[PDB]
Amino acid sequence: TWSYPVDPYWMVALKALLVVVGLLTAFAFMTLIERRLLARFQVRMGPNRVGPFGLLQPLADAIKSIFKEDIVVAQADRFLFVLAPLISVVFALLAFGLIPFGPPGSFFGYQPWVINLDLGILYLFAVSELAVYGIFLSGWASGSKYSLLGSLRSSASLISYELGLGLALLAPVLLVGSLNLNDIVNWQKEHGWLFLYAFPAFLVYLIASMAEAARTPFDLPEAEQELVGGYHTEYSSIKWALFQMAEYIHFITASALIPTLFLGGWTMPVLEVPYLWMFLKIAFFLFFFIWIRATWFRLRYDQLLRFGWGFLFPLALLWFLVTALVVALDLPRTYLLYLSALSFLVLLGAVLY
Amino acid sequence: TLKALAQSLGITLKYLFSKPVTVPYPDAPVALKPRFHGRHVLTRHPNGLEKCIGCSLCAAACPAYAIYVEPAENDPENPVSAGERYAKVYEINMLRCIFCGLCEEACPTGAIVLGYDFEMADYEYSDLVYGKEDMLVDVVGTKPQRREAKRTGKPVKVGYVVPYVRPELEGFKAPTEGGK
Amino acid sequence: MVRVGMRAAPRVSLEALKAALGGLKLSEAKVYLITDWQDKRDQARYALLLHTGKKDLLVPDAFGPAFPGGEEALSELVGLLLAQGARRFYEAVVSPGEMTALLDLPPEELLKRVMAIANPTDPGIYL
Amino acid sequence: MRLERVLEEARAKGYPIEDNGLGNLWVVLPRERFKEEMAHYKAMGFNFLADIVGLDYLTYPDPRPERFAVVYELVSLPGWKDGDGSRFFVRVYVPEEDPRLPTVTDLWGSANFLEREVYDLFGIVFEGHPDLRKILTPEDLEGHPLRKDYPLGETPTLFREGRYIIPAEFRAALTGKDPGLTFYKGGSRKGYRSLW
Amino acid sequence: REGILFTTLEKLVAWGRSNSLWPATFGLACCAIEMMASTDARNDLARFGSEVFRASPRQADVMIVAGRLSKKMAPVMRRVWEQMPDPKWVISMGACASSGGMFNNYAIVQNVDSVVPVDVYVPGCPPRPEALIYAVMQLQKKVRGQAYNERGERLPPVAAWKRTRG
Amino acid sequence: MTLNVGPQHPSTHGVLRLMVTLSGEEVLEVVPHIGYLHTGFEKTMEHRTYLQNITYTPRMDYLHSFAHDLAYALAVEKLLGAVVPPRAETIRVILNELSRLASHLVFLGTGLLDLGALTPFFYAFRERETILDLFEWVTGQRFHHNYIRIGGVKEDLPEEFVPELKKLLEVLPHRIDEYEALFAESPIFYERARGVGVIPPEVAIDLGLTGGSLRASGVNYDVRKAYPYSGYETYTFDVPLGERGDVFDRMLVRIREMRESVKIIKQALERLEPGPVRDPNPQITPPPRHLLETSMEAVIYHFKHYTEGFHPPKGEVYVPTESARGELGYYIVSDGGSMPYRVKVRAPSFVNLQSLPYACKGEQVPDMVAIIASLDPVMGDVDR
Ligand code: SF4
Ligand code: SF4
Ligand code: SF4
């Protein structure tokens with residue numbers, strides 16, 4: 001935050017409360033849209049009911065959510081049972097204010113973002129780790145080792161790919177040279193759409209987000225049809241609601257971060273509109289991701305570990321070292337564009353054998 | 001075969017943009033075939049005489065023995081059947097009934113014939129024993145349907161349409177293919 | 001197999017069963033509350049056949065709300081059986097005529113038939 | 001081809017050979033010779049053991065040697081190494097008071113479950129089995145359901161006002177020993193078969 | 001607080017619970033296939049609020065007994081009912097479950113209402129998918145306080161609310 | 001970890017309990033525990049008329065029922081010598097292959113959904129809906145259809161049945177080819193199923209694994225070919241096979257089986273000529289409904305046939321057929337009475353299940369669900 005002002009503390013609290021309730025409404029209506037999009041995928045049609053567009057069905061769902069006998073299971077830790085959903089939700093909500101939805105002052109006067117920390121990706125990384133914390137802790141506290149093992153699979157996989165996220169994020173820091181998102185977005189304003197330079201690492205970022213329960217390990221697990229998952233299966237009324245809420249906020253957080261980091265965070269070459277382009281790119285990534293949700297199989301967490309550990313992460317660090325040589329020697333900025341275009345042609349031509 | 005992931009996505013997309021195939025029950029009437037196995041009906045001759053001579057053959061052909069047929073003796077002045085016998089008490093336990101069609105097959109007077117109504121979900125066991133005056137062709141609807149039409153004031157809307165009624169269902173009034 | 005209690009005297013049947021049950025632990029016992037007409041419990045009558053595996057106990061048709069003081073007696077009875085540690089409760093639906101003669105069949109046939117026809121039941125319907 | 005050799009091997013030792021004109025064959029081995037003979041039967045090339053079907057003949061109209069009778073079904077798959085396709089049954093009578101019979105688990109693993117089932121449904125214990133554990137009936141169920149001395153245990157069907165049905169006294173069907181509602185049964189209702 | 005104690009709030013939450021019916025199938029027999037068919041692209045119980053399908057019982061309010069209930073399963077299914085959150089409903093699907101059906105024998109429970117409190121009965125064999133929808137709409141209006149029997153009585157919103165579990 | 005995979009959970013279709021002896025991520029051994037669906041067809045059939053039992057026969061295997069219908073009908077026919085019209089046999093093979101298509105659709109749908117993607121369940125099942133409507137035309141029922149009879153089929157086909165069949169027969173080849181294009185060129189499914197589910201034919205035979213997963217192990221044994229019963233001898237037939245028994249070869253063999261069933265349906269439809277519908281033997285057929293008001297013997301025979309039934313001779317019989325889960329047959333012991341003395345069922349799903357601890361031996365823990373869905377069990381057949 002070198003060139004950007006600071007809103008008053010009361011204004012920060014106001015924006016925070018607004019972002020949180022907006023994330024609430026957003027995840028409710030995105031549950032609706034995912035239901036209907038999966039429906040359209042499998043030629044059945046969704047709930048033309050309580051809406052018309054269904055937009056009153058989440059109200060009924062929330063009305064069920066409370067009054068649903070929030071139960072404290074025996075053989076469970078009295079404190080962690082209630083505490084773990086709070087952890088998972090608290091450390092899921094935040095890390096979304098940093099995402100710039102417009103140039104400075106475009107919040108009708110004060111600030112598009114909530115906080116614009118000098119070290120942003122590290123804050124994202126830490127609060128992403130604390131989600132896995134909540135996951136495997138709730139798994140333990142449940143007092144059911146069946147669900148515990150699912151919590152352990154979840155934690156292992158999420159942790160491995162969460163490690164890969166660091167090497168994924170290394171590459172653009174060399175070019176932009178700052179750990180604040182606004183400098184990175186402005187660099188994509190000037191030179192243009194960082195993924196053109198770093199498409200491969202972008203990939204290992206994208207797939208990394210698939211491992212964060214988004215989909216296609218899909219042996220996260222959910223309690224269904226496999227070794228039951230952790231962090232649920234013992235919570236009934238509101239805590240289960242908090243688990244699902246935090247998981248979906250994490251999904252949408254990745255769907256929002258992917259364009260912010262590599263592609264064009266709003267900052268368009270054309271029409272330069274603050275919010276609409278970012279929300280539309282969120283919509284694009286969300287639709288492609290639901291396409292993945294519907295259209296692809298599971299991974300069984302063994303091949304998932306193999307693919308993440310042996311393939312994604314060495315590739316990400318190789319690209320990081322390449323970019324580091326190029327940046328420290330600063331020879332062109334063109335070389336990275338050429339190399340990423342060539343690498344994409346490579347990883348593309350090998351498909352249609 | 002990395003191409004197969006993209007092919008799978010492509011086919012899910014083609015089918016995404018193809019909207020139609022589904023039927024929105026109860027807003028759209030389900031198309032039922034004429035030979036469908038539904039709620040029993042008792043048919044009457046054109047004279048108006050009942051066809052059931054209370055011969056308890058429909059109950060024997062029941063693999064659950066779910067049909068109770070108490071017979072009785074016709075009154076010549078104002079008869080109910082064509083012969084000398086009728087069905088004083090004719091009950092079917094819908095919770096015992098398995099909907100074969102063997103009772104329609106064994107009826108020699110064509111009295112018992114399966115219909116088309118399937119909307120007979122109700123709340124109480126003792127309310128799922130359908131009676132004679134709950135199955136006569138002259139009746140319009142199922143038990144909860146008629147009860148809701150009375151406690152509601154709105155006539156019964158059946159959740160089905162058929163291309164026609166079979167000849168075996170002479171008298172049974174039903175929505176026919178769009179003639180109405 | 002012993003027979004205690006008397007027909008259509010709920011309190012007599014219940015007090016006699018109180019006396020005869022004693023300190024018998026029912027952890028592995030089988031409780032058979034025999035009745036007719038599955039649905040209508042407001043007028044129901046009940047016999048009882050308790051099969052410990054080592055010896056059996058028979059109570060004739062004196063329980064259920066069908067008799068004055070019968071509903072509270074069946075509630076007390078099922079509560080007692082649950083207190084003594086029973087988990088397996090059963091209900092057999094017999095024809096009215098079967099209820100009478102089945103207590104007069106030899107013990108082997110009565111017990112075999114009841115065990116073969118019994119349905120698992122939730123004591124909550126009798127409490 | 002091997003079935004003809006089975007018949008020729010059995011007939012020499014005095015084994016009855018049962019045949020209906022429908023294409024089904026029985027070779028009844030005594031219990032002594034049962035185990036070794038059927039071991040040889042596997043050795044004769046019987047890959048596949050189809051069934052273990054136990055039968056309780058308590059209410060059968062005609063008398064039989066023993067109450068229980070267990071029938072094994074031996075086959076040789078035509079599509080395997082050298083497949084003939086010869087399939088036939090072996091019946092072995094088991095007394096009411098001697099529900100013993102050696103297992104063919106060691107011979108075929110197929111009888112692992114199958115034999116267990118007959119111990120559940122009949123009182124027949126198969127000696128030498130890895131685990132003879134009740135398969136189908138509940139652990140607390142007392143007796144063996146498919147033997148004729150075990151009730152079917154029906155419940156009355158329910159109606160409006162005291163009208164009830166006890167199906168056993170409602171059946172117009174007859175059994176083999178059931179005399180019927182007239183003084184006698186002859187003709188078609190003593191057994192009926194059309195002459196193609 | 002049980003969805004009660006205010007004239008507006010109880011109608012509101014009845015609305016919510018009715019359109020928020022979360023069916024938890026306990027697939028037993030050929031009834032269960034006709035329930036799974038009530039999810040395909042001709043007739044989906046995926047509109048009224050029944051899209052999501054949580055296999056866990058800690059998470060669903062409607063329990064649909066779809067099939068014959070054999071005695072060896074009677075306690076297990078039973079415990080799933082005891083291990084459910086309290087605002088829960090139970091539907092008995094089909095003939096074998098509702099009554100003893102044609103299998104009037106030693107093996108099958110002759111009414112599943114023995115082990116679990118049944119809300120609605122739905123005859124048929126199998127009950128047509130549209131009939132199962134009819135029963136879930138029946139249960140919808142039942143939890144709204146909109147359901148009456150043949151004898152004139154109004155049926156309480158939740159069965160399994162009136163029983164001394166033990 | 002002696003892990004208790006309970007019944008129905010986690011989402012183990014076909015209510016069944018599993019004791020997975022398990023250390024780590026492998027599978028030491030799965031001990032199956034069944035019986036939660038024991039209803040007693042073999043016992044209840046001893047107290048029901050021969051005609052009444054045709055209402056009990058489809059309910060065991062509720063997915064492929066017409067094979068049970070055929071097996072029971074053929075066994076009783078052979079037992080009392082009925083004469084099947086040719087059109088009855090043609091229609092019987094039509095309905096048999098059609099219900100086989102519907103059974104296979106459900107098997108592959110449940111398998112893909114159980115582990116993998118949820119989408120491909122609907123499309124296949126959608127086609128199943130179409131098929132179901134056909135039965136409603138002729139039987140008035142979705143399944144559990146009572147259409148077969150001792151002589152043949154109950155009554156003749158409506159005019160509107162065949163054109164709908166032709167509609168479905170023309171849309172189906174592209175559809176099955178689409179499922180096969182999605183699956184056979186397995187992008188991720190290959191690294192999931194090609195290795196798993198070992199089926200060495202020696203032990204598969206030692207345990208009696210007959211149900212179509214034996215030919216996935218390279219054993220060419222089909223009851224329709226080895227023991228022609230209902231005129232399958234009169235059809236051009238290709239028998240799919242697998243190289244090494246795994247889940248991939250199993251699923252692909254069953255898809256090719258669906259195409260082979262569609263081809264058999266076309267072949268039978270072409271050779272269809274009008275005629276009678278069942279064996280008129282008055283001891284086996286009730287008199288036609290029109291002369292119930294003209295002839296005394298008709299009234300007596302209609303009454304008697306539908307109350308008492310007929311009494312087949314004293315004897316035992318058995319007939320083999322090939323259902324979607326293997327060799328199927330009824331060992332019927334008749335005592336000369338209206339109701340069979342005993343009906344024993346060779347449940348192909350019963351002997352098919354002895355090979356699970358072997359199949360899922362050493363495999364992964366998540367794959368234990370796929371290896372079970374891939375075995376195609378119908379627990380209505382096992383518990384029985
Ligand atoms: S359709 Fe119903 S009443 Fe008629 S014979 Fe069948 S089960 Fe019995
Ligand atoms: S419905 Fe028909 S078969 Fe039944 S008693 Fe009446 S006349 Fe006889
Ligand atoms: S009622 Fe009919 S469809 Fe349902 S489980 Fe019983 S036999 Fe199957």
# chains A, B, ... in the order shown; residues from 1 in each chain; ligands from 1

$ residues_around --residues "region 150-152 of chain B" --least-positions-apart "5" --cutoff "10 Å" --atoms "only C-alpha atoms" --output "ChimeraX atom specification"
/B:144-145 /E:146-148,152

$ residues_near_ligand --ligand "ligand 2" --cutoff "9 Å" --atoms "only C-alpha atoms and all ligand atoms" --output "JSON, numbers by chain"
{"B": [42, 43, 50, 51, 52, 53, 54, 55, 56, 57, 58, 59, 60, 61, 67, 69, 70, 71, 86, 87, 90, 103, 104, 105, 106, 107, 108, 109, 110, 111, 112, 113]}

$ residues_around --residues "residue 151 (chain E)" --least-positions-apart "3" --cutoff "12 Å" --atoms "only C-alpha atoms" --output "ChimeraX atom specification"
/B:123-124,126-127,144,147 /E:147-148,154-155

$ interface_residues --of "chain C" --to "chain D" --cutoff "9 Å" --atoms "only C-alpha atoms" --output "PyMOL selection string"
chain C and resi 36-39+92-95+112-118

$ atom_distance --atom1 "CA of residue 3 (chain E)" --atom2 "CA of residue 116 (chain E)"
22.0 Å

$ residues_near_ligand --ligand "ligand 1" --cutoff "10 Å" --atoms "only C-alpha atoms and all ligand atoms" --output "ChimeraX atom specification"
/B:37-40,57-68,91-106,112-114 /E:95,101-102,124-125 /F:52,55,146

$ residues_around --residues "residue 94 (chain E)" --least-positions-apart "3" --cutoff "10 Å" --atoms "only C-alpha atoms" --output "PyMOL selection string"
(chain B and resi 94-96+98+121) or (chain E and resi 29-32+34+65-68+91+97-99+101+121-128+132)

$ write_last_selection --atoms "N, CA and C atoms" --output "mmCIF file, in the first residue's frame"
data_model
loop_
_atom_site.group_PDB
_atom_site.id
_atom_site.type_symbol
_atom_site.label_atom_id
_atom_site.label_comp_id
_atom_site.auth_asym_id
_atom_site.auth_seq_id
_atom_site.Cartn_x
_atom_site.Cartn_y
_atom_site.Cartn_z
ATOM 1 N N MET B 94 -55.431 -51.669 -0.012
ATOM 2 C CA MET B 94 -54.444 -51.138 -0.933
ATOM 3 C C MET B 94 -53.043 -51.344 -0.412
ATOM 4 N N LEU B 95 -52.912 -51.485 0.895
ATOM 5 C CA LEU B 95 -51.636 -51.828 1.487
ATOM 6 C C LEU B 95 -51.339 -53.313 1.368
ATOM 7 N N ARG B 96 -52.362 -54.160 1.207
ATOM 8 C CA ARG B 96 -52.149 -55.560 0.846
ATOM 9 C C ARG B 96 -52.104 -55.758 -0.663
ATOM 10 N N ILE B 98 -51.169 -55.714 -4.442
ATOM 11 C CA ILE B 98 -49.905 -55.649 -5.147
ATOM 12 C C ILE B 98 -50.069 -55.239 -6.610
ATOM 13 N N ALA B 121 -51.763 -42.220 -2.064
ATOM 14 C CA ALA B 121 -50.980 -42.095 -0.853
ATOM 15 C C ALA B 121 -51.841 -41.451 0.225
ATOM 16 N N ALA E 29 -35.456 -52.567 -1.405
ATOM 17 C CA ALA E 29 -35.775 -53.485 -2.495
ATOM 18 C C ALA E 29 -36.230 -52.682 -3.708
ATOM 19 N N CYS E 30 -36.828 -53.395 -4.673
ATOM 20 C CA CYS E 30 -37.351 -52.824 -5.915
ATOM 21 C C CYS E 30 -38.180 -51.570 -5.716
ATOM 22 N N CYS E 31 -38.655 -51.304 -4.508
ATOM 23 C CA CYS E 31 -39.178 -49.965 -4.270
ATOM 24 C C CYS E 31 -38.093 -48.910 -4.455
ATOM 25 N N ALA E 32 -36.874 -49.213 -4.011
ATOM 26 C CA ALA E 32 -35.814 -48.220 -4.053
ATOM 27 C C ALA E 32 -35.451 -47.835 -5.481
ATOM 28 N N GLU E 34 -37.547 -47.614 -8.020
ATOM 29 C CA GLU E 34 -38.576 -46.676 -8.448
ATOM 30 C C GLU E 34 -38.450 -45.351 -7.721
ATOM 31 N N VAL E 65 -38.674 -45.207 3.727
ATOM 32 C CA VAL E 65 -38.506 -46.654 3.794
ATOM 33 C C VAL E 65 -38.982 -47.241 2.467
ATOM 34 N N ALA E 66 -38.057 -47.454 1.534
ATOM 35 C CA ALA E 66 -38.400 -47.857 0.173
ATOM 36 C C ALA E 66 -37.978 -49.308 -0.035
ATOM 37 N N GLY E 67 -38.882 -50.224 0.293
ATOM 38 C CA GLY E 67 -38.646 -51.642 0.076
ATOM 39 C C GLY E 67 -39.134 -52.526 1.201
ATOM 40 N N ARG E 68 -38.960 -53.832 1.059
ATOM 41 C CA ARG E 68 -39.317 -54.719 2.147
ATOM 42 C C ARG E 68 -38.302 -54.582 3.269
ATOM 43 N N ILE E 91 -41.383 -41.737 5.865
ATOM 44 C CA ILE E 91 -42.365 -42.199 4.888
ATOM 45 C C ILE E 91 -42.167 -43.697 4.683
ATOM 46 N N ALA E 97 -43.586 -52.648 2.683
ATOM 47 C CA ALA E 97 -43.235 -51.830 3.838
ATOM 48 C C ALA E 97 -44.478 -51.378 4.592
ATOM 49 N N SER E 98 -45.451 -50.818 3.870
ATOM 50 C CA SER E 98 -46.690 -50.349 4.479
ATOM 51 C C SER E 98 -47.404 -51.476 5.227
ATOM 52 N N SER E 99 -47.744 -52.557 4.535
ATOM 53 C CA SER E 99 -48.284 -53.745 5.189
ATOM 54 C C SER E 99 -47.362 -54.930 4.929
ATOM 55 N N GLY E 101 -47.896 -56.982 2.734
ATOM 56 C CA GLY E 101 -47.990 -57.157 1.297
ATOM 57 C C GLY E 101 -48.374 -58.581 0.977
ATOM 58 N N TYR E 121 -48.423 -43.308 4.210
ATOM 59 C CA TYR E 121 -48.332 -44.593 3.533
ATOM 60 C C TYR E 121 -48.599 -44.361 2.051
ATOM 61 N N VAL E 122 -47.890 -45.085 1.188
ATOM 62 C CA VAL E 122 -48.098 -44.926 -0.254
ATOM 63 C C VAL E 122 -48.180 -46.293 -0.931
ATOM 64 N N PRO E 123 -49.387 -46.810 -1.153
ATOM 65 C CA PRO E 123 -49.520 -48.130 -1.766
ATOM 66 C C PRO E 123 -49.091 -48.089 -3.221
ATOM 67 N N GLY E 124 -49.017 -49.277 -3.812
ATOM 68 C CA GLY E 124 -48.464 -49.459 -5.141
ATOM 69 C C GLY E 124 -47.386 -50.520 -5.095
ATOM 70 N N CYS E 125 -47.041 -51.125 -6.231
ATOM 71 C CA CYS E 125 -45.982 -52.131 -6.257
ATOM 72 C C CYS E 125 -45.384 -52.220 -7.650
ATOM 73 N N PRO E 126 -44.350 -51.422 -7.934
ATOM 74 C CA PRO E 126 -43.882 -50.400 -7.004
ATOM 75 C C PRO E 126 -44.769 -49.183 -7.146
ATOM 76 N N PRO E 127 -44.843 -48.337 -6.128
ATOM 77 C CA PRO E 127 -45.565 -47.068 -6.287
ATOM 78 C C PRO E 127 -44.923 -46.237 -7.391
ATOM 79 N N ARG E 128 -45.733 -45.828 -8.368
ATOM 80 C CA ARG E 128 -45.240 -45.054 -9.506
ATOM 81 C C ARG E 128 -44.430 -43.846 -9.030
ATOM 82 N N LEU E 132 -44.870 -41.488 -5.620
ATOM 83 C CA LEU E 132 -43.936 -41.114 -4.562
ATOM 84 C C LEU E 132 -43.840 -39.603 -4.435
#

$ select_by_dssp --residues "region 158-377 of chain F" --states "alpha helix (DSSP H)" --output "PyMOL selection string"
chain F and resi 161-184+190-193+201-206+223-226+247-270+296-307+348-352+356-359+367-374

$ write_last_selection --atoms "C-alpha atoms" --output "short mmCIF file (atom, residue, chain, number, x, y, z; two decimals), in the first residue's frame"
data_model
loop_
_atom_site.label_atom_id
_atom_site.label_comp_id
_atom_site.auth_asym_id
_atom_site.auth_seq_id
_atom_site.Cartn_x
_atom_site.Cartn_y
_atom_site.Cartn_z
CA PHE F 161 -46.13 -51.09 -29.38
CA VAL F 162 -43.95 -51.94 -32.37
CA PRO F 163 -43.49 -48.39 -33.79
CA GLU F 164 -42.22 -47.17 -30.40
CA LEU F 165 -39.85 -50.13 -30.39
CA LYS F 166 -38.53 -49.12 -33.82
CA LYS F 167 -38.08 -45.54 -32.59
CA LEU F 168 -35.98 -46.78 -29.67
CA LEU F 169 -34.07 -49.34 -31.79
CA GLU F 170 -32.97 -46.59 -34.16
CA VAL F 171 -31.98 -44.07 -31.48
CA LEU F 172 -30.17 -46.68 -29.32
CA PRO F 173 -27.10 -47.58 -31.47
CA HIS F 174 -25.76 -44.02 -31.46
CA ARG F 175 -26.53 -43.86 -27.73
CA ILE F 176 -24.67 -47.02 -26.71
CA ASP F 177 -21.84 -45.97 -29.04
CA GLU F 178 -21.75 -42.63 -27.19
CA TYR F 179 -21.41 -44.30 -23.79
CA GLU F 180 -18.67 -46.51 -25.24
CA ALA F 181 -16.86 -43.52 -26.76
CA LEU F 182 -16.95 -41.79 -23.37
CA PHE F 183 -15.71 -44.85 -21.50
CA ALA F 184 -13.58 -47.22 -23.61
CA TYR F 190 -8.06 -46.54 -17.37
CA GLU F 191 -5.78 -45.74 -14.40
CA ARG F 192 -8.70 -46.81 -12.16
CA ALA F 193 -10.06 -50.11 -13.55
CA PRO F 201 -10.63 -68.16 -14.28
CA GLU F 202 -9.35 -71.12 -12.22
CA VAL F 203 -10.55 -69.68 -8.89
CA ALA F 204 -13.49 -67.92 -10.56
CA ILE F 205 -14.68 -71.41 -11.51
CA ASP F 206 -13.69 -72.91 -8.16
CA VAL F 223 -26.12 -70.39 -21.66
CA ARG F 224 -27.77 -68.88 -24.76
CA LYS F 225 -25.04 -70.64 -26.80
CA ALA F 226 -24.04 -73.64 -24.67
CA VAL F 247 -13.45 -53.75 -14.40
CA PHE F 248 -12.60 -52.10 -17.74
CA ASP F 249 -13.09 -55.30 -19.74
CA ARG F 250 -16.20 -56.12 -17.67
CA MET F 251 -17.88 -52.80 -18.45
CA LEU F 252 -16.87 -52.84 -22.14
CA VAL F 253 -18.07 -56.45 -22.53
CA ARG F 254 -21.42 -55.45 -21.06
CA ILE F 255 -21.74 -52.44 -23.43
CA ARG F 256 -21.06 -54.69 -26.42
CA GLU F 257 -23.64 -57.04 -24.85
CA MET F 258 -26.18 -54.22 -24.95
CA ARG F 259 -25.48 -53.74 -28.65
CA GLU F 260 -25.74 -57.51 -29.20
CA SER F 261 -29.09 -57.47 -27.41
CA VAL F 262 -30.32 -54.62 -29.65
CA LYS F 263 -29.23 -56.65 -32.68
CA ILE F 264 -31.08 -59.72 -31.40
CA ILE F 265 -34.19 -57.55 -30.87
CA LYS F 266 -34.04 -56.35 -34.49
CA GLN F 267 -33.52 -59.89 -35.72
CA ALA F 268 -36.52 -61.27 -33.85
CA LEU F 269 -38.70 -58.32 -34.86
CA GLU F 270 -38.03 -59.03 -38.54
CA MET F 296 -70.88 -74.70 -19.19
CA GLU F 297 -67.46 -76.37 -19.45
CA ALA F 298 -66.00 -72.90 -19.96
CA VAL F 299 -67.48 -71.65 -16.67
CA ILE F 300 -66.35 -74.72 -14.75
CA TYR F 301 -62.83 -74.57 -16.28
CA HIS F 302 -62.44 -70.81 -15.82
CA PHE F 303 -63.58 -71.11 -12.20
CA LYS F 304 -61.40 -74.14 -11.47
CA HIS F 305 -58.30 -72.86 -13.28
CA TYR F 306 -58.33 -69.56 -11.42
CA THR F 307 -59.16 -71.05 -7.98
CA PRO F 348 -26.36 -66.54 -9.91
CA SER F 349 -25.71 -63.53 -7.66
CA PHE F 350 -25.35 -65.91 -4.73
CA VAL F 351 -22.35 -67.86 -6.16
CA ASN F 352 -21.04 -64.73 -7.92
CA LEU F 356 -15.40 -60.71 -3.58
CA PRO F 357 -12.70 -61.26 -0.88
CA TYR F 358 -10.52 -62.63 -3.68
CA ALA F 359 -11.36 -59.85 -6.15
CA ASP F 367 -11.75 -49.31 -5.10
CA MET F 368 -13.73 -51.70 -2.89
CA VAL F 369 -16.88 -49.85 -3.91
CA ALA F 370 -16.06 -49.94 -7.62
CA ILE F 371 -15.10 -53.61 -7.51
CA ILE F 372 -18.50 -54.32 -5.96
CA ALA F 373 -20.53 -52.16 -8.31
CA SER F 374 -18.52 -53.73 -11.14
#

$ residues_around --residues "residue 86 (chain A)" --least-positions-apart "4" --cutoff "9 Å" --atoms "only C-alpha atoms" --output "MDAnalysis selection string"
chainID A and resid 82 90:91 134 239 242:243

$ closest_residue --among "F:46, F:276, F:66, F:208" --to "residue 110 (chain D)" --atoms "only C-alpha atoms"
F:208

$ residues_around --residues "residue 91 (chain C)" --least-positions-apart "5" --cutoff "9 Å" --atoms "only C-alpha atoms" --output "number ranges by chain"
C: 31-35, 114, 117-121; E: 114

$ interface_residues --of "chain D" --to "chain F" --cutoff "8 Å" --atoms "only C-alpha atoms" --output "PyMOL selection string"
chain D and resi 22+24+47-51+53+55+60-61+77-80+85+107-114+135-138+145-146+152+172-177+188-196

$ write_last_selection --atoms "C-alpha atoms" --output "CSV table (one decimal), in the first residue's frame"
chain,number,residue,atom,x,y,z
D,22,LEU,CA,-37.0,-84.0,-20.3
D,24,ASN,CA,-32.3,-84.2,-16.8
D,47,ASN,CA,-14.7,-77.6,-13.2
D,48,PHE,CA,-18.0,-76.0,-12.1
D,49,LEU,CA,-20.2,-76.8,-9.2
D,50,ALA,CA,-23.5,-75.1,-9.8
D,51,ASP,CA,-25.8,-75.8,-6.8
D,53,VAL,CA,-30.0,-77.9,-3.2
D,55,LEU,CA,-34.8,-81.0,0.1
D,60,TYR,CA,-44.3,-85.6,0.5
D,61,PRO,CA,-47.3,-87.9,-0.4
D,77,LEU,CA,-17.8,-75.4,-19.0
D,78,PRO,CA,-17.6,-75.9,-22.8
D,79,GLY,CA,-15.5,-72.8,-23.4
D,80,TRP,CA,-12.6,-73.6,-21.1
D,85,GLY,CA,-20.6,-79.4,-21.6
D,107,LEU,CA,-12.9,-79.5,-3.8
D,108,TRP,CA,-14.8,-76.5,-5.0
D,109,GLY,CA,-14.8,-73.2,-3.1
D,110,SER,CA,-18.2,-72.6,-4.6
D,111,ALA,CA,-19.8,-74.7,-1.8
D,112,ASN,CA,-18.4,-72.3,0.8
D,113,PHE,CA,-21.6,-70.1,0.8
D,114,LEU,CA,-24.0,-72.7,-0.7
D,135,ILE,CA,-26.1,-66.8,6.4
D,136,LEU,CA,-29.6,-65.6,5.7
D,137,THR,CA,-31.8,-65.9,8.8
D,138,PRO,CA,-31.3,-63.5,11.8
D,145,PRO,CA,-36.9,-72.1,7.8
D,146,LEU,CA,-37.2,-74.3,4.7
D,152,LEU,CA,-44.3,-70.2,7.2
D,172,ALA,CA,-58.5,-73.3,-2.7
D,173,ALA,CA,-55.2,-74.7,-3.9
D,174,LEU,CA,-54.4,-78.2,-2.8
D,175,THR,CA,-51.1,-79.8,-1.7
D,176,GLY,CA,-50.1,-83.3,-2.7
D,177,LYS,CA,-51.6,-84.8,0.5
D,188,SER,CA,-56.2,-84.2,-13.8
D,189,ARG,CA,-56.2,-83.3,-10.1
D,190,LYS,CA,-54.3,-86.4,-9.2
D,191,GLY,CA,-51.4,-85.4,-11.5
D,192,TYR,CA,-51.6,-84.2,-15.1
D,193,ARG,CA,-49.3,-84.4,-18.1
D,194,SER,CA,-50.0,-83.8,-21.7
D,195,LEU,CA,-48.7,-86.1,-24.4
D,196,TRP,CA,-46.9,-83.6,-26.7
